[PDB]
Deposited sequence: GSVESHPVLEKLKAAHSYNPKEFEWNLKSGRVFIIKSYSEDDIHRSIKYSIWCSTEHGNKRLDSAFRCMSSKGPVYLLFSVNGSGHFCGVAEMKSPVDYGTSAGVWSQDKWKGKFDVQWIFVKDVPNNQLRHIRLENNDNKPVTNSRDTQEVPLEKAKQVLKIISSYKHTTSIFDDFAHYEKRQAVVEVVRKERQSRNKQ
C-alpha cells in the first residue's frame, strides 16, 4: 500500500527517543468518534474537535505561541486504548475549506496502540482524580502527569496500530464516497 509507504517514509512515526520530560507545554485528551477519523487525520495532518473543543484548543495553542508545544493524546470512544500522539501545529481555521466544520494542523508523532491498563494508575487531579483513561474530549492533563503519560506511550512496545488496518480504512472511505455520490445523484432528480 503506497499511501502508507509514502506517509512512513515522509514522516518519522514512533521515534525511538522522544523528549517526554517537557520543560514547558500543554497536553490534552482527544476522544475521536471513530477509527475512520484517526485514519483521515494521519493521512491529511488535520484534526477537528467540537465547537467547544476547538475553542479551547485554539485558545491554548495561541497562549503557547512561542513558549512550548501543545500535545494531543488520541483515543477513540469506548476503544480501551490510546492510538497515538500528535502535536498541534496551527490555530483553528473556521474558513470555508464535508463532515468537519473547522480544522487545525497536527503532526502525528506516535501511531501505536497503548492499552488503557498501562495508564489507569495516572489520575487527573483537575478531573475529580479519575483515571486519565476516563477523560472527556479536550480535557487538559497537568504537566507532571502528562510527562508520565508521554513517557509510557513513548516507551511502550506495542503489538498493533491503526496502520495494521490501513487498506481496510482506505477501502471503507472509498466505498463511502461512491455511496454518497450515488445517493446525492438520486436526490438531484
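Do you know which deposited regions have no coordinates at all? No C-alpha for residues 1-5, 103-108.
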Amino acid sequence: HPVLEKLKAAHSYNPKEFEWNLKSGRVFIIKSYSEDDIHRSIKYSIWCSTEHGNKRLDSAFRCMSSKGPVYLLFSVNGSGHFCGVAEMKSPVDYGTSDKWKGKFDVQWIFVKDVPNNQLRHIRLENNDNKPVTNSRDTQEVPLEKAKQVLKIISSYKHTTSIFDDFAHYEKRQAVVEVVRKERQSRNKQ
From here on, numbers count along this sequence of modelled residues.
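Whichever C-alpha set is largest while still superposing within 1.5 Å between the two forms counts as the rigid core.
Find the stretch among 60-68 and 27-35 with the larger RMS C-alpha deviation in 4 other deposited structures of this protein, all structures being superposed on the shown form by the rigid core. Result of the core-fitted comparison in 4 other deposited structures of this protein: 60-68 deviates more.
Would you please confirm whether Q107 lacks atomic coordinates in a third or more of the other entries that were compared? No, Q107 is modelled in every other compared entry.
Coordinates absent for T96 in a third or more of other entries: yes, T96 frequently unmodelled elsewhere, at least a third of entries.
Higher average CA B factor in the deposited record is what I'm after, so tell me if that's 164-172 or 16-24. It is 16-24.
If you take the mean CA temperature factor per stretch, which one wins between 83-91 and 101-109? Higher mean C-alpha B-factor in the PDB entry: 101-109.
Highest Cα B-factor in the deposition, which of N54, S32, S155, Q139? Of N54, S32, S155, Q139, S155 has the highest C-alpha B-factor.
Among the chain's modelled residues, which third holds the C-alpha B-factor of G68? Highest third of the chain for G68's C-alpha B-factor.
In terms of the chain's CA B-factor thirds, is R183 lowest, middle or highest? Tercile = lowest for this residue's CA B-factor.
Would you mind checking where the Cα B-factor of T96 ranks among the modelled residues of its chain, as the lowest, middle or highest third? For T96, whose C-alpha B-factor we compare with every modelled residue in the chain, the answer is the highest third.
Within-chain third of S45 by Cα B-factor, per the entry: As the PDB entry reports it, the C-alpha B-factor of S45 lands in the lowest third of its chain.
Should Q118 be placed in the lowest, middle or highest third of its chain by the C-alpha B factor in the entry? It falls in the top third of the chain.
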